[PDB]
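Commentary on secondary and tertiary structure
Listed below are the residues making up each chain.
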Amino acid sequence: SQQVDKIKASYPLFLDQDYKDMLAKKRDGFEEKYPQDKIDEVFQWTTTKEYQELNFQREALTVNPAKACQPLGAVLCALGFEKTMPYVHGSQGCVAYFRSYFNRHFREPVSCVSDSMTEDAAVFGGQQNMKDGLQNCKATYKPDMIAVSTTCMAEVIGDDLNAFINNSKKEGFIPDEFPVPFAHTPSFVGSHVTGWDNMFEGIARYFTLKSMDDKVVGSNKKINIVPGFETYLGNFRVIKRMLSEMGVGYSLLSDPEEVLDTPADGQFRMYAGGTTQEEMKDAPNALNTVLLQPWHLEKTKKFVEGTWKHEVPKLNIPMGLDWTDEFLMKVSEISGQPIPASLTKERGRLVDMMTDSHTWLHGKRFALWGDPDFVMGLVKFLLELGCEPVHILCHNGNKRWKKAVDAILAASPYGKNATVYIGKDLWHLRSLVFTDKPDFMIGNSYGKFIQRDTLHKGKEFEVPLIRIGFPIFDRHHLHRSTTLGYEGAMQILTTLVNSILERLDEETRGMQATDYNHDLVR
Amino acid sequence: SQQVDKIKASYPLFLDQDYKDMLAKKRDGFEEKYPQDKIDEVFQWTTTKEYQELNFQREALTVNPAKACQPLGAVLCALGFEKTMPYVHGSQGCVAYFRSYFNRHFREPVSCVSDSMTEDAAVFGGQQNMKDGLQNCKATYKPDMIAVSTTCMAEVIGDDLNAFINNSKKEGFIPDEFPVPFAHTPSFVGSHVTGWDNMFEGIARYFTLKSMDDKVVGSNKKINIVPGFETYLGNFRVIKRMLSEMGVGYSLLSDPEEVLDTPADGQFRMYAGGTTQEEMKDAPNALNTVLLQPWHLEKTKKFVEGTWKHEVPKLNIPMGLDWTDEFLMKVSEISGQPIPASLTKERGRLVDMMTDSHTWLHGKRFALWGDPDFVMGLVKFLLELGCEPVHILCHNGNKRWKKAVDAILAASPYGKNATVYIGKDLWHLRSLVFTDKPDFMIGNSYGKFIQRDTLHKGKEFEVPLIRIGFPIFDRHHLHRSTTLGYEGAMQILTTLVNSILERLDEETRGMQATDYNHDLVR
Amino acid sequence: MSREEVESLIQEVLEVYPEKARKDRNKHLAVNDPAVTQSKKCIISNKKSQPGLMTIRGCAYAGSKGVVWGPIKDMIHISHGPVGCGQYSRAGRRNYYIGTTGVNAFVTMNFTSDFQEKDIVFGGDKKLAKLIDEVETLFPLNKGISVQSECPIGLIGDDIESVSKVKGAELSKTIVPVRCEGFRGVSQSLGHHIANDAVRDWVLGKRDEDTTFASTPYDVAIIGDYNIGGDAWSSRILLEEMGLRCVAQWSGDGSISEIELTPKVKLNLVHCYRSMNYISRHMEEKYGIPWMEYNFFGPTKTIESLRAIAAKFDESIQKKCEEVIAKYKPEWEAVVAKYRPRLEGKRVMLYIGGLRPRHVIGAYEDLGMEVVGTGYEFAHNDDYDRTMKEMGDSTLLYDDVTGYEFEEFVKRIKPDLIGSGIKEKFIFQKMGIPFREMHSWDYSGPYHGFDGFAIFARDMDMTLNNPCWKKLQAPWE
Amino acid sequence: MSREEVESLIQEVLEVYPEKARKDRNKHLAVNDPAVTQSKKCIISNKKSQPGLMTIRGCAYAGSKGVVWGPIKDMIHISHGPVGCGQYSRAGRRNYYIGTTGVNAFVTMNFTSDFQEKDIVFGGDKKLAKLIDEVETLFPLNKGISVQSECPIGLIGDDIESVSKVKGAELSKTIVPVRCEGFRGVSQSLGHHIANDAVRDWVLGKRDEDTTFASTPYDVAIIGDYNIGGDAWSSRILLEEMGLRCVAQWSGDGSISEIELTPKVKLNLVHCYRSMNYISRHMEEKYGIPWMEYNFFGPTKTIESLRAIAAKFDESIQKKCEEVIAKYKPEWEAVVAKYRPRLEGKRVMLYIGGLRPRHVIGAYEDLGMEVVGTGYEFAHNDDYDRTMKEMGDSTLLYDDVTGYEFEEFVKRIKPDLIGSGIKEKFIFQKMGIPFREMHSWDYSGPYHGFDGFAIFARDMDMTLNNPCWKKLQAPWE
Ligand code: ICS
Ligand code: CLF
Ligand code: CLF
Ligand SMILES: [Fe+3]
Ligand SMILES: [Fe+3]
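- Method of determination, as annotated in the archive: cryo-EM, at 2.08 Å resolution.

- The PDB entry annotates chain C as Nitrogenase molybdenum-iron protein alpha chain originating from Azotobacter vinelandii.
- Recorded in the entry header as its title is "Azotobacter vinelandii Reduced MoFeP (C2 symmetry) obtained using the SPT Labtech chameleon of 20 mM sodium dithionite under Al's oil".
- In the Subunit part of its UniProt record, chain C is described as follows: "Tetramer of two alpha and two beta chains. Forms complex with the iron protein (nitrogenase component 2)."
- The annotation that UniProt attaches to chain C under Sequence similarities is "Belongs to the NifD/NifK/NifE/NifN family."

- As annotated in the PDB entry, chain A is Nitrogenase molybdenum-iron protein beta chain from Azotobacter vinelandii.
- Its UniProt record gives chain A a comment under Catalytic activity, which states: "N2 + 8 reduced [2Fe-2S]-[ferredoxin] + 16 ATP + 16 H2O = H2 + 8 oxidized [2Fe-2S]-[ferredoxin] + 2 NH4(+) + 16 ADP + 16 phosphate + 6 H(+)".
- UniProt, in its Sequence similarities section for chain A, records the words "Belongs to the NifD/NifK/NifE/NifN family."

1. Some words on the UniProt feature "binding site: [7Fe-Mo-9S-C-homocitryl] cluster" in chain C
Residues and elements named next belong to chain C.
- If you check UniProt for "binding site: [7Fe-Mo-9S-C-homocitryl] cluster", the listed places come out as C272 and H439 in our numbering. Spanning 168 residues, the named residues nonetheless gather at one spot, since no C-alpha pair among them exceeds 13.4 Å.
- Within the fold, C272 resides in the loop between β8 (267-270) and α12 (273-287).
- Using a relative accessible area of 11% as the deciding quantity, one classes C272 as buried.
- Following the sequence through the fold, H439 ends up in the loop between β14 (435-437) and α20 (449-464).
- Once residues lying within four places of it in the same chain are set aside, the contact partners of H439 are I228, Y351, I352, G353, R356, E377, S420 and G421.

2. Notes on the coordination of the iron ion (ligand 4)
- Here the iron ion (ligand 4) is held by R107(A) (O), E108(A) (OE), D352(B) (OD) and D356(B) (OD), and the distances to it run 2.2 to 2.4 Å.
- Each of the four donor atoms around the iron ion (ligand 4) contributes to a set of angles spanning 76 to 163 degrees, which defines the coordination as square planar.
- Classification of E108(A) as buried rests on a relative accessible area of 2%.

3. Looking at the site of ligand 1
- Taken together, 13 residues lie around ligand 1, and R93(D), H192(D), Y226(D), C272(D) and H439(D) are the ones closest in.
- The residue inventory of the shell around ligand 1, partitioned by class, reads six nonpolar, five polar and two charged.

4. So, the side chain of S191(B)
- For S191(B), the position within the fold is in the loop between α10 (161-170) and α11 (192-208).
- Discounting chain neighbours no more than four positions away, the residues touching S191(B) are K67(B), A68(B), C69(B), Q70(B) and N396(B).

5. Brief notes about the coordination of the iron ion (ligand 5)
- Of the protein atoms, only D352(A) (OD), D356(A) (OD), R107(B) (O) and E108(B) (OE) coordinate the iron ion (ligand 5), at distances of 2.2 to 2.4 Å.
- Metal-centred angles of 76 to 164 degrees between the four donor atoms at the iron ion (ligand 5) mark the site as square planar. One end of the pair, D352(A), is in helix α16 (residues 341-361); the other, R107(B), is in the loop between α6 (92-106) and β3 (113-114), on a second chain.
- The class of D352(A) is buried, set by a relative accessible area of 5%.
- Owing to a relative accessible area of 6%, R107(B) belongs among the buried residues under this scheme.

6. Side note on helix α10 (residues 231-241) of chain C
- The element α10(C) is extensively covered by neighbouring structure, given that nine of its eleven residues are classed as buried.
- Of the residues trailing α10(C), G243(C) is marked for its positive phi of about 95 degrees.

7. With respect to the nonpolar core
- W69(C), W250(C), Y364(C), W69(D), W250(D) and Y364(D) are the most contacted members of the largest nonpolar core, which has 490 residues in total.
- Excluding residues that lie within four positions of it along the chain, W250(D) makes contacts with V199(D), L204(D), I222(D), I223(D), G224(D), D225(D), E258(D), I259(D), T262(D), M276(D), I279(D) and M283(D).

8. Notes on the sheet that holds strand β13 (residues 417-420) of chain D
Residues and elements named next belong to chain D.
- Strand order in the open sheet formed by six strands is β1-β12-β11-β10-β13-β14, with mixed pairing between adjacent strands. For this open sheet the edge positions go to β1 (29-31) and β14 (435-437), each flanked by a neighbour on one side alone. Going across the sheet, the axis of each strand differs from the next one's by a mean of 15 degrees, ignoring polarity.
- Strand direction decides the pairing type here: strand β10 (residues 347-350) and strand β11 (residues 370-376), joined by three bridges, are parallel. Opposite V348, over in β11, you have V371 as the bridge partner.
- Packed onto the sheet, helix α1 (residues 3-14) meets β1 and β12 (396-399) and runs at close to 165 degrees relative to β1.

9. A look at the interface of chain C and chain A
- Taken together, the contacts link 110 residues of chain C with 99 residues of chain A.
- When residues of chain C are sorted by the area they lose upon contact with chain A, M54(C), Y88(C) and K430(C) head the list and together hold 11% of the total.
- Connecting chain C to chain A are ten salt bridges.
- Here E119(A) and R184(C) are joined by a salt bridge, their closest N and O atoms 3.4 Å apart.
- Taken together, chain C and chain A are joined by 41 residue pairs in polar contact.

Procedures and definitions
- Residues numbered from 1 in each chain as written, not as in the entry; some residues may be left out.
- Chains lettered and ligands numbered in written order.
- Heavy atoms only, no water.
- Residues with missing side-chain atoms left out of burial classes, pairs and counts.
- UniProt positions renumbered as here; feature names shortened; annotations may be inferred.
- Helix = DSSP H or I, 4+ residues; strand = E, 2+ residues; numbered from the N terminus.
- Buried < 20%, exposed > 50% of the residue type's maximum accessible area, 1.4 Å probe, protein only.
- Contact = heavy atoms within 4.5 Å.
- Donors = N, O, S within 2.8 Å, 3.2 Å for Na, K, Ca; no water.
- Tetrahedral: all angles 85-135°; square planar, octahedral: opposite > 155°, others 65-115°.
- Near = heavy atom within 4 Å.
- Nonpolar A, V, L, I, M, F, W, Y, C, P; charged D, E, K, R; others polar.
- Core = buried A, V, L, I, M, F, W, Y, C linked by side-chain atoms within 4.5 Å.
- Pairing = 2+ DSSP bridges.
- Axes fitted to C-alpha atoms, helices over the stretch in contact; angles between N-to-C directions.
- Buried area = accessible area lost by both parts, 1.4 Å probe.
- Salt bridge = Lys/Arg side-chain N within 4 Å of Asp/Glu carboxyl O.
- Polar contact = N/O pair within 3.5 Å; in protein donor to acceptor, adjacent residues only side chain to side chain.

Structure follows, in structure tokens:
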């Protein structure tokens, strides 16, 4: 039943007595459900350390992974170029899933096409599909350029993208001059960030490999910036802003912030902003190339050093205090521009915020997960704040990255009780936060279920989730946030300290029981 | 007892069994406490409507007010000028309280001095105290100018600031050329915003009243900007930024953002930034003067129109879509500069966020309180979002402001169930939110106790608090937020929608009870 | 109306495409004529999409794992293959259930084999067996396992059937292999067919010799209701108030025991014909159980369906049906009186997968709203036969519409409200036309039945008449 | 160190002031010599502040309402006058209590008369009576009311004592008028004196004729502990583990009944001498109750105080004292072993109100830390008499220090840690020297007793050795 003046959605209208009776009857009559005591005992067992040993003995089963497949990153990289259509050579279900994923994260239109390969292509390949799809895409949606990636179907079959595109150009399906860069992005190798790296490397190859004769390093007096897989628009904005205040000429490569933040003014813009073809062609003339996320752009680094002959600096992600300082001084050294007073003032304001919040920040324990570069930057920043990382998880990490992270952890006493996990999923992390309870988690939306599980053990065992990373599906407009640089450090610090304060306020809200510590001033 | 490896602060170390036994023994032996059933019955009675009628029949007693006294606003206004020392003529306890209040809100040094009037001055006046205080302040802290306000002690005694300062200059205690503007700020009239208005009016009078012969309106081709009582630094920043992108010459009057956000780099700066004396002297040469918060700058408006002969526009606070648009078009008309594409894009992005979050925003009920201009701006924005205001409280409001607010509410169907309260305190609001429960409150830190009370009635009766306004004592760095303009509207919208989503996530976190609606995607 | 201008619009939109794509897509757009019951002479469906045209269709894996097998709460579904497919489909569909997730319920969980290059080269049958052993060790209260196929398994030649047979004999457990690789078929429809065949071959007949279940003449089974935001729940209560006993529920809030008990019911009430017609027909041939389609969208369709269902039973059931109708009449009458004045006369264009583009028309008409265009991602020709008689004269029909076509049609027709998926929501919001997600109900609902009708009206009113839609144009532009 | 260097620094800092201000402030700064017993010969205190020098001192209202009367949980305190005074002091002091706020406890609440111009012109006695009636109607479980005077009431001709008498007779309630107007005296110390006199005149003697309370030879009363962060609680447990019965604590977590029962105890353990010496002396003269000062800051002071308190009672009490000391020895030994190595040798400069500038020295020394400078806002010459022997040789002593003086002294001495209030915290943090709030414990604690010692060490370690202090200089400057 519903009251017309106060209508209830699923929650809490399913809490009405009639629905409760109906559900009880259904369960008791036809579900053949295990007894509740058995369920409770199994849950308690899964909270224990013996279950943790069994969980960490896993070798074949993956439970709730914390990564995606390469073509998603390839599509994200392709969207960062002006009037460019991401084109996935393979099956259409992958494109539907990629578009839904990015729509849910960004709350924005995400454009991508597929050539819709079927079992016939599984027998004879997808050359005809490629020709027809390129022709149809160019005729219908009118892009300036088409960037081609692959699904696992095309990778396993063995389709040769280069020959297919060459035959498309030879048979007149699309003009010879039309730029069609391509990259193989197998989903069984690496993760989405690897797909981003492959896409960018192939695009840079297409636009620069055969024209290096007239290129001179430092001719255009600019610095190339490669962001990598990036899902915070504030990160692009703050990079551009810091480079602008310094008076440093820059060429930012694969800029998707314009197309992912279009205004709503009565018209739909399928393309907006993005790196132009002229910038890509002129990139070898730059003074140097700076890679913002070096741990998933190794192929790009190899191409940039081998062909453009750029001495790529050994720079960490400019996250937190020290690494932002190092990035700024390296940029100053490369460009010859001094660091202005505004950046110094911003750094001082961040240090002031740190001194203001250090008392609440000190000694807090965090589990965290995400991509390698982001995870190491956040761990470094947490160490700078006096926080203690305990469980550090990176599903798509490798052994060298783990060694570098361990080196970072050894350089601070706050990393004494920290363990780095690579190749582990969020079921492993759930076991870890049950057996060695931290104060908070830092991760994407999938962590919320872990939070629920801890509440099931008890209020005293709950580990609240802090939403930083990708993807964020259960909160609005967090994709506009800033993570890199001094501004990003300020935002992260504010989020952390205020999450701590909200938790403390919730724990001390019981009148005549815990409200003696419900201080107005904190 | 304490464990050396896990030391417990007051919470939860007072939850140990020995401390609980000690407290129980103390209460049972010596406190003569009322029985718990009596306490519960009295609490339940105070949650009822009959208690609400008794509460609203109050005429003499004020319980938990939502305002401050004039000299606090006078000090805030004085701090917005370059190398200016706020000077309060009266008793030192007031200055100690003002400094502690602003220290707790801003987490920054706040400089102010008093002449420390005592019982001796209660029969002779504070003339000697004024002379010695001005001399000592100038000699010790070396300000470029001293702005003088008063405590209630000086107001009741009747000290004449003008004669005291003139005699100080005549007797050589301070140089005749040294600028010493003054204003009477009685604490029994109005509130802190009235003190800001009086302080600013006296300063502008001091710097412009006797030199209007050579002033010509529009000579300097600038627009004067008066912010009023403002505790969000992002508001000053966004006003300056918006005026800058438009290419409009502006003169911001009483800018305290620099002195309230100094960096921490090893030195203490007592003064930083602020409006210069040259700008104040040249203000009458501006094209016009725009008042950001017209409802507490009426005396300033009277002075500006009467003496500077500026046609002050009838503009609301530039909060939310419509009023930000009106402010921008009025500035464009006055200055002759067109509105650029960047502002249009920012407005479109705000509209896009509104369309993205409208489903969760629609129909939500809010109680709110604060200063008149801020309250009316937030009510207008909530109406624009499709939200329903229910309880609107403004302790320092008046009848004309209430009439204007009622006119705003009548122009939207979402204001049908809204009531405006002036002269009411937060005990009245506690009664209102017990008897007509909204979904959320919007106000300053003092609302937290109200939240506590609701939790005591039950989880189903809890009304969460949303911290927008002044002062914010239990969260860190919220004073850096933005409230005015499109950026402020974006921040407010994000805060509101995400508070709604956190509440929903908390309500649906119960395993096998309410977690069927614990969706990953919202 | 004005059929001729609609045909002119169709041709004008078609002009952009290349020759072959032009002639292919010409057959998939049509002007409705209610007198026509043979839609094959008017519209063509269930064909492969044109490459490079940005279709909305999914794959067979989405049809099988995402739609049919996934909602079953007490069984663990292994997305066998690379990691992407399980990750993008995890908890994306609001199939509601009651259970303790991770102990006896596993719907919102993503189990995958996480294929790497060595698995591609050397096969993954041994890895599948090891994964099954690990699942048994770590989730002891599971009541069955499904193995959902992704593209590489179909491409490399893995025999998951033999592994399933050996492991099921070894552990005395039900292990269902589903060859639901994404390159099969052209959409999620073949996923529906393959999942139904797997249900028939591996699960349905496990209690054929079992006669311990006590049956009643009023036993019914809800087939093809996936409890979107609790939709199935809001249906079952009505059926329970009519005096019928709902034994099984396919597959919203579903359990394997309910599926096993399904062959014992007297009648199969099918909501989604497109996904469950195969198993309904198979049950009719093998057990003799009759099935009937019903519609619980809107009060009118709900009353009609309740009376038609009661007609299959005795007089007491009909009396209870009349009692239920009388009890719920004032509520939806009040809902209509409140919301129809704000909704009367507005025009809607719809584009969903295979059932809703014609099922929700009655609810829209109950609020005085007109559907001017509709279409399907993957419906078959019988679905269009059912659709033609429920749509207005000279209304637009589209099959597997492209993004460009959809945008052009919307820009010309200028409807008041659009209902579609997440991949069109923001496109159409940026153009200033209100949009409702008609797959996940915009994270709201439920919409089935009398209780869901009030939520439906409230949501439609909140989105169609929101003030935000008056603000897209800046006052200085 | 280097006495003559400190005198040179004092003169150098003094050079800036005008002649009269120079002459006055020269008397308030001194170099400590522990052999000196009479502090009048070296330092002058309890004088009026120099106008416009940015003193830290408060007013008499802060001393009376904020410090003494405010902590009493079951009485309602009316800040009679304009609205500012109650608002700025509401919940600013962490005087902890157990109660249901708004029903039987009212500490964190701000009751005020909210004076307007008509009240200034025509008086507010009738408004006071009406307010008292409203308080009785709206807070029936209140056990008493105090009326705290703000500046205008002293300035205008208001007689709150007569109103209190008539209303208390009419309602049979205790109404305490406190003439605590801010212009009286020079600091919060006169507030302490006035509040003590009000307690004596209106509350203390209400049970002089009552002999129903059963007394024991081990009855004691804690005086001058305001339960800052729970400090008083952490003291009481020790005294009750010692075998003594704590009847009342003034006024931390205090109730009016406890104050009424205080004249029945055998001994008054006074923690804050500065604020409660008046009432302790009055109780000694009128009831014959002896009092003694004690220190629970740090294990050394706590053990000394416990043994000294034990000496006042019989042998079993002393045995229980030894038992408590033995029980708590390992905990603070472990705390010292953990934290002293990270704190040994560090130098501290402190500036607080009346008692803590010399009370917390022992706890700092227990961690191997040296206090090089200390001072008081409002303490009297006897407090300096105690401080001279409590402090080390050639250390700096300052009374009612100005902001400029404090900054110059800190810039020259360069301490590793500063202990002061909220009005110096950010000034000294910007200069890069760690700061601990020594009034509110930086929203941490408690620090009293063995349990509080661990928190004290942990907090000092967390602030002194925080990495943030190594980052103030940019690497490019
Ligand atoms: S009462 Fe006094 S200033 Fe003795 S007014 Fe002040 S809670 Fe201080 S040094 Mo704040 S004479 Fe208490 C004090 Fe000491 S408020 Fe507290 S810390 S022991
Ligand atoms: S049509 Fe369907 S969704 Fe596509 S792959 Fe095929 S079953 Fe799957 Fe999963 S891993 Fe990624 S998304 Fe594909 S490319 Fe390799
Ligand atoms: S020394 Fe002390 S705090 Fe000062 S007034 Fe006097 S009792 Fe009070 Fe309250 S209202 Fe404001 S702050 Fe003053 S100026 Fe009139
Ligand atoms: Fe958007
Ligand atoms: Fe600060």
